[PDB]
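> Experimental structure and its sequence below.
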Amino acid sequence: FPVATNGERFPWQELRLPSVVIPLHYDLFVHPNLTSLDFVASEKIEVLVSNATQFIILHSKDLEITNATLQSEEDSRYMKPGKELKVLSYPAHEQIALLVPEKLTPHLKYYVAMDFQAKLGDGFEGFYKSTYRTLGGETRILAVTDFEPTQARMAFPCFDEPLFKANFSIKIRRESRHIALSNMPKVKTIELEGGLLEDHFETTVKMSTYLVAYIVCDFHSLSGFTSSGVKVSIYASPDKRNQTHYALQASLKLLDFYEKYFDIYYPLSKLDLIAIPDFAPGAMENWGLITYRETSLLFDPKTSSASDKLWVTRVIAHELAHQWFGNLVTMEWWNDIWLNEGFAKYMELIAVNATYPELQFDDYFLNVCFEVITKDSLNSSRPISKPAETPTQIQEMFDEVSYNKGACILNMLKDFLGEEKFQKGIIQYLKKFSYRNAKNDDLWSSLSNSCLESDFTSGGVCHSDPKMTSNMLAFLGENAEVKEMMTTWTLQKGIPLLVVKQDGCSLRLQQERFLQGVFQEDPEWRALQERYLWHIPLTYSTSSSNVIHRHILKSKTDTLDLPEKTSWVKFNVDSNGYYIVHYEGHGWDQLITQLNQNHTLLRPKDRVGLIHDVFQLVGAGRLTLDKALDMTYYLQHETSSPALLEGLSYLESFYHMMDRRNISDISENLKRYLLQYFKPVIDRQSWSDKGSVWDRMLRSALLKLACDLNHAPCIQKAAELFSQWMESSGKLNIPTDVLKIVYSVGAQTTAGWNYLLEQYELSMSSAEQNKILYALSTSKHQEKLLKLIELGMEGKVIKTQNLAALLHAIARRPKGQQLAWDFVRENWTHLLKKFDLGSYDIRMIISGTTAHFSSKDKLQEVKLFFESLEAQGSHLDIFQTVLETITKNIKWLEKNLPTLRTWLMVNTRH
Ligand SMILES: *[C@@H]1O[C@H](CO)[C@@H](O[C@@H]2O[C@H](CO)[C@@H](O[C@@H]3O[C@H](CO)[C@@H](O)[C@H](O)[C@@H]3O)[C@H](O)[C@H]2NC(C)=O)[C@H](O)[C@H]1NC(C)=O
Ligand SMILES: *[C@@H]1O[C@H](CO)[C@@H](O[C@@H]2O[C@H](CO)[C@@H](O)[C@H](O)[C@H]2NC(C)=O)[C@H](O)[C@H]1NC(C)=O
Ligand SMILES: *[C@@H]1O[C@H](CO)[C@@H](O[C@@H]2O[C@H](CO)[C@@H](O)[C@H](O)[C@H]2NC(C)=O)[C@H](O)[C@H]1NC(C)=O
Ligand SMILES: O=C(NO)[C@@H](Cc1ccc(F)cc1)C(=O)NCc1ccccc1
Ligand SMILES: *[C@@H]1O[C@H](CO)[C@@H](O)[C@H](O)[C@H]1NC(C)=O
Ligand SMILES: *[C@@H]1O[C@H](CO)[C@@H](O)[C@H](O)[C@H]1NC(C)=O
Ligand SMILES: *[C@@H]1O[C@H](CO)[C@@H](O)[C@H](O)[C@H]1NC(C)=O
Ligand SMILES: *[C@@H]1O[C@H](CO)[C@@H](O)[C@H](O)[C@H]1NC(C)=O
Ligand SMILES: *[C@@H]1O[C@H](CO)[C@@H](O)[C@H](O)[C@H]1NC(C)=O
Ligand SMILES: *[C@@H]1O[C@H](CO)[C@@H](O)[C@H](O)[C@H]1NC(C)=O
Ligand SMILES: [Zn+2]
């Protein structure tokens, strides 16, 4: 089939490279010029051929290839130096061919050199340009890589697949006012004739091309050493060095934890962490040199909040985890990308807990799971492992399914097997697959066949010579059943719904595929129920016993039998499992009255899980909005902030939902209910930074809710801070837990909104900037909102890396959803300039501007617009996902709007 760039048959037909030429080592020399804003470069690839061949296939993109040569030392036809090579392009596969004068030899090593050149990229991918503001008003330039998944090929030609691991030797030629960083430490610096310098770096360990990295910049650092002797450096532009302190501590402590828990030393002399001014993802896990958004890494007590400190701990923890789960062990291909991204997400939980339990990140994890259930309960969801091929289909694989769900599934497991067995299984996995790859099954066989104690040969279990007890019968047997289980969770899209009926001291269990916007008898429903079956490890506790009993489904139905009768049953203890529970008969009722009478009788995660499931079931039509709203009545005595905030979030979301649609009467009663109830808690609240972290997080949430509902004291107190701050011209300090609230109130007048846009450009805290841009985005004046979008498109005052977040900010407010939607449709083509397709930024631009729509009206416009984008060849998965979400909203209103109008009215009466 293939017909290449300038006539002529491209030897290769398939999208994945040929598995016949194996690279081994890369000599790579880069000479970027940052006044010309370009680079020239060169490389030598030591390959090993396995079957004889006359063509060499390798990726490349937007790379002008000057020379091309094949040497060797084991083949005489190719000894130094010749001959030059036949290079042939094919942009449609980002592949090039090397056509060779004469067939090569099985099991012999040849050397592919090549000169190639290009312009510094100008959008977040490959080897690209970035700029920053000094404290003085100066604007400087740096050159950065981001290659994951497939943009190495834009930077130097290579065999871009994660399987093709190789050593990397790297040299960077630079000017004296710049340093240069890469994955490895700097071995040598040679002074040069004109006066340039050339840096050499230790040849890397075996690694994938997407992890290669080099930076050229004038940054500063703070450094510290690990227990195990790793040098750790936090790099940041010079007038910001002192926002790198927390990162230094956190990384050191976290890297120390990771070596212990994994029982594998981080393998490299140094570990650099650099905050990049223009960075599209939040961070990139480059072995030896991790890159970060400024907001993901820097921290400043005067102006960052405690949720910010929690976000920086999170992201640092996520990255450093990747050094094992991703860099040391890498996914065989992008279908199992979750072996990378699921584990890093989940190891956040573990490592942040272990190293910083005063951050309470253990509570907040349930949020990871609730967020993915949203998407996982629509039919436009996917299995965590599905095939992938296009650059676009690979980027798409990076979503809350491969991240959050993988983390959740894995957390389930940890509960089932217990920490000690889980941990043991991980340490095996990593040791076994060090410096190479794994596919899904590898991860389970290891987690399955995990080992204890080790108990020292003499009994047994794990050794060359273990005995054969009546335990070894099930060790090899139960472990093999754990594997049969997880394979369900990785191959089947969706999430199971357990139904629990309590007639007698016996419990009947049914199992279904939980779906939202689809009642137990729509026409839709049966088809979606078809083949689905899970291996759900369940737990439960009763009122008569706070003992944790465990049991495993089994098929569509099953029956357990309690000791004694009891008031209530409560399945999924702490909701450590990936299933929704529905209680039939009087189940919800008993459980609810139990909350109002003595809620401490239920574990506080049980409370969070119950609140979550009760509202989720309303959506699936197995419950009515009144039973759920009824269960919020207990919140007035609730003291665990997880449970309060979760409950408040459902009420706060209904309000915002009603506000969009101009349903003033429900909007206004809802406002009234929230302020009159919850008035005790709203008012126990300092405008301070005092208290723990859930305390601080409660204060922000409750103080926001008050100011969102124009509760005049709260509005007055806020504005009375903004005034003192604007007059003192910054010399006065606003607590960080209220910064966003005060700015938002302040931004309601043109005097305020102006002063704030000003402070935006001057700020050295990228976190304060974050808060200011939110406040700015809450003006009513549509002129101002539009200025913000404009500015953000230019990319000068407001970086374009911020634009998706700001369209979403604007869109979710009533005075800005039309503007946002109009803008996205009228500037689509321009947005495809600025961003991939592909990108995270495009997906947040699409769904942050449409997914909150709730009218068949809006559903109409969005459905066309997507179809308009279809044909042009723009297909994303976010298209169906969004439309399925808009519809879920519409059905929800259809089936529950009256019931919400009435519940409130009733309440007013009582
Ligand atoms: C490409 O990376 C591989 C690893 O992925 C490098 O292999 C490593 O280097 C040598 C093997 O030649 C081994 O060195 C060991 O180090 C200690 C001192 O720390 C020394 O005393 C021992 O006697 C031993 O030689 C090391 O075990 C090995 N590691 C692995 C995992 O294979 C290889 O060097 C790299 N290739 C190039 C060209 O740099
Ligand atoms: C990048 O290119 C610029 C010019 O294209 C180089 O700057 C010149 O360097 C020469 C000798 O090194 C000086 O005599 C000139 O005065 C420089 N020009 C200016 C405008 O200052 C620069 O050295 C190159 N850098 C690299 C790393 O290649
Ligand atoms: C988070 O950390 C805490 C404490 O570090 C773990 O909680 C348990 O603490 C008690 C102390 O009385 C002990 O049973 C163990 O240290 C911990 N439990 C177990 C079963 O080992 C908690 O397990 C951690 N959370 C996660 C998800 O690992
Ligand atoms: O996983 C991460 N670094 O490894 C980054 C994002 C990233 C995206 C694509 C890449 F190729 C590399 C990194 C992250 O935490 N991102 C936030 C996020 C949340 C949910 C889905 C996707 C991203
Ligand atoms: C490559 O060689 C192996 C045997 O060494 C065999 O599969 C066949 O001859 C070749 N296969 C391909 C796909 O070229
Ligand atoms: C590249 O080709 C030019 C053309 O003559 C030659 O002079 C030069 O030596 C070549 N360089 C490399 C690195 O192959
Ligand atoms: C910045 O560094 C200075 C020392 O130059 C230090 O006193 C200060 O605490 C750091 N933080 C800020 C926000 O300036
Ligand atoms: C549900 O998903 C499957 C798999 O993508 C698809 O074939 C089917 O058409 C979908 N049905 C509906 C009603 O969305
Ligand atoms: C709730 O139950 C516990 C357990 O006995 C008890 O200590 C507490 O006083 C009870 N509170 C109420 C209001 O019943
Ligand atoms: C809400 O509806 C009323 C009904 O006439 C209308 O006058 C008002 O402008 C609407 N408000 C918004 C914000 O659309
Ligand atoms: Zn990650």
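Here it is on my side, so go on. Residues are numbered from 1 along each chain as shown. Ligands and ions are numbered 1, 2, ... in the order given.
> contacting residues for residue 611?
Residue 611 is in contact with 631-632, 643, 646-647, 650, counting by Cβ atoms under 8 Å, 6 or more residues apart in numbering. No exception for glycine: its C-beta is placed from N, CA and C like everyone else's.
> Point to the residue nearest the middle of the chain.
By Cα atoms, centre = their mean, the mean C-alpha position of the chain lies nearest to residue 403, the distance being 5.8 Å.
> hmm, back to that, in CSV, list the contacts of residue 611 along with neighbour count and distance to residue 516.
As requested, these are exported to CSV (neighbours: other Cβ atoms under 10 Å; distance: Cβ to Cβ, whole Å):
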residue, neighbour count, distance to residue 516
631, 23, 19
632, 21, 20
643, 25, 23
646, 22, 18
647, 22, 20
650, 17, 15
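> So which of those residues is the closest to ligand 1?
Nearest to ligand 1 out of those is residue 646 (Cβ to the nearest ligand atom; 46.1 Å).
> What is the neighbour count of residue 764?
Per other Cβ atoms under 10 Å, the neighbour tally for residue 764 reads 18.
> same question but for residue 252, I mixed them up
Count around residue 252 with other Cβ under 10 Å applied: 20.
> again with residue 102
9.
> Quick one: residues contacting residue 601.
543, 594.
> same deal with residue 465?
Here residue 465 is in contact with residue 457 (Cβ under 8 Å, 6+ apart).
> helix/strand/coil for it?
The local conformation at residue 465, judged by DSSP: H, G, I helix; E, B strand; the rest coil, is coil.
> And it, how close does it get to ligand 3?
Applying Cβ to the nearest ligand atom, to the nearest Å, the value for residue 465 to ligand 3 is 31 Å.
> what separates that residue from ligand 1, distance-wise?
In terms of Cβ to the nearest ligand atom, residue 465 sits 28 Å off from ligand 1.
> Run a quick neighbour tally on the closest residue to ligand 3 within the chain.
In the chain, the residue that lies nearest ligand 3 is residue 353 (3.8 Å; Cβ to the nearest ligand atom). Look at residue 353: counted by other Cβ under 10 Å, it has 16 neighbours.
> What is the neighbour count of the closest residue in space to it that isn't next to it in sequence?
In space, not counting the residues next to it along the chain, residue 353 is nearest to residue 362; the distance is 5.1 Å by Cβ to Cβ, 6 or more residues apart in numbering. As a burial measure, residue 362 scores 13 neighbours (other Cβ under 10 Å).
> so residue 362 makes contact with residue 355?
No. In this structure residue 362 lies outside contact range of residue 355 using Cβ atoms under 8 Å: 11.9 Å.
> Skipping its backbone neighbours, what lies nearest residue 688 in space?
Looking at residue 688 with Cβ to Cβ, 6+ apart, the closest residue is residue 735, at 5.1 Å.
> so what's the backbone phi/psi at that neighbour?
phi -60, psi 150 (degrees, to the nearest 10).
> ok, now which ones touch residue 888?
378, 516-517, 619.
> Let me know whether residue 37 touches residue 118 as I believe.
No. Residue 37 is beyond contact range of residue 118, at 10.6 Å (criterion: Cβ under 8 Å).
> where along the stretch 651-800 of the chain do the helices fall?
Assigned by DSSP state H, counting those that start in this stretch, the helices in the stretch 651-800 of the chain fall at 664-676, 679-683, 693-708, 712-727, 739-746, 750-762, 766-776, 782-794.
> any idea how far residue 653 is from residue 30?
Applying Cβ to Cβ, to the nearest Å, the value for residue 30 to residue 653 is 49 Å.
> what about stretch 292-307, how long is it end to end?
17 Å (Cα to Cα, to the nearest Å).
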